[PDB]
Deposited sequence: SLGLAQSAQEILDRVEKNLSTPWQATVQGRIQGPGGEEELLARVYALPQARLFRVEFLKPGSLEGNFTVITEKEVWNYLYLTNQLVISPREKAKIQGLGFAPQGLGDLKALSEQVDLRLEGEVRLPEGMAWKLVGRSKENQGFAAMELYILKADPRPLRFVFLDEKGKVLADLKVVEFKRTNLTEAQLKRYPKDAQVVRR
């Protein structure tokens, strides 16, 4: 239940607008910028790496999800883990809580949460043998101000694929 308390602290601590840089491996390198405007229930992810995703972006709202595919100029419009607190570990950003949980494309995961300023720092997904399937780190983070005009922007010439 301690994990739930931590997650609750994170949710409350990130109730204002923020942005971050996510980098890791999934083998290929994944790099993206993330934007959140909680009060408007808006989220945007912009991809930088790998080459197949470079330029793509995803916009999430309470109602629908937009997935822009840069190379094909298509805008696709479409309508859990039992985490437990294992303990703490010192990370570059400082002391963090290490949450662990079992269980559909992975066997278990590790979620690292910064203690001083409750927010995610790293997500690690493991298979049955403990092999890393994905290791994504939040390498940059900043609280800021964002607007719907910014997060809902899209290429005017995008071709719509409506699900």
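Got a list of the deposited-sequence ranges with no coordinates? Missing CA coords at 1 to 5, 32 to 36, 90 to 113, 138 to 140.
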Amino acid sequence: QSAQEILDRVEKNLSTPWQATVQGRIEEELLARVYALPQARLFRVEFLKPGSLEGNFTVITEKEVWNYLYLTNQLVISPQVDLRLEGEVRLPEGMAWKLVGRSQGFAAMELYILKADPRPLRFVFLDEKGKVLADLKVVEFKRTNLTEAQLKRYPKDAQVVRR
From here on, numbers count along this sequence of modelled residues.
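Test of understanding: from the entry's C-alpha B-factors, which stretch has the higher mean, 134 to 142 or 36 to 44? Looking at the recorded C-alpha B-factors, 36 to 44 comes out higher on average.
Please compare 50 to 58 with 121 to 129 and name the stretch with the higher mean C-alpha B-factor in the deposited structure. For C-alpha atoms only, the mean B-factor is higher in 121 to 129.
Per the entry's values, where does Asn13 land by CA temperature factor relative to the rest of its chain, in the lowest, middle or highest third? As the PDB entry reports it, the C-alpha B-factor of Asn13 lands in the highest third of its chain.
Taking only the Cα B-factors deposited for this chain, tell me whether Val161 sits in the lowest, middle or highest third. Tercile = lowest for this residue's CA B-factor.
Can you work out whether the C-alpha temperature factor of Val76 puts it in the lowest, middle or highest third of the chain? Tercile = lowest for this residue's CA B-factor.
Sorting the chain's CA B-factors, does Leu99 end up in the lowest, middle or highest third? Answer is middle: the recorded C-alpha B-factor places it there.
Sorting the chain's modelled residues by C-alpha B-factor, tell me whether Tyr112 ends up in the lowest, middle or highest third. Tercile = lowest for this residue's CA B-factor.
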